[PDB]
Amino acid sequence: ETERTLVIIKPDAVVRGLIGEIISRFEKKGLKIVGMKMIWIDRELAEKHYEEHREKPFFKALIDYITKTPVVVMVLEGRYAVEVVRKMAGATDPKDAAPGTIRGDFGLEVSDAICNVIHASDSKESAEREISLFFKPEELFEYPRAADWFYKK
């Protein structure tokens, strides 16, 4: 049941100083950070990440948005991490996101792109692809978090 998912703390979150608060929500949930780094995504890498949206009217604005400032890419590991993180993120448009979710508590304002604080892989398949896009095997780790032993049988 243990999976890995990719999360991008977007430019709006970085600029607003919400990196720590976002990471804490994942740590408190029990999710493990197995990879993480601040990078500045260029257009080529951004378009590969968002290839599925190439023919949508908001594509250019989305690329402008994700490459606006540095972001923090990180890999989260844990039981059904993909669906769980998607649930924690909330509705794509923050105004529709439920209070308690990341977008629900932190997002609202938008530009020509729907600024929504973070990105979260939509599936195990997508996570695998996205993780490979931003990380090399040497940047991903296997280690114990404090409470890991508790769940072992």
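Residue indices: 1-based, along the sequence shown.
Here the stretch with the larger average CA B-factor, out of 54-62 and 28-36, is 54-62. With 8-16 and 140-148 compared on mean CA B-factor from the PDB entry, the stretch scoring higher is 140-148. As recorded in the entry, 111 carries the highest CA temperature factor of 67, 111, 101, 116. In the PDB entry, a CA B factor belonging to the lowest third of its chain's modelled residues is recorded for residue 89. Split the chain's modelled residues into thirds by C-alpha temperature factor. Residue 125 is in the highest one. Among the modelled residues of the chain, residue 42 sits in the highest third by CA temperature factor in this PDB entry.
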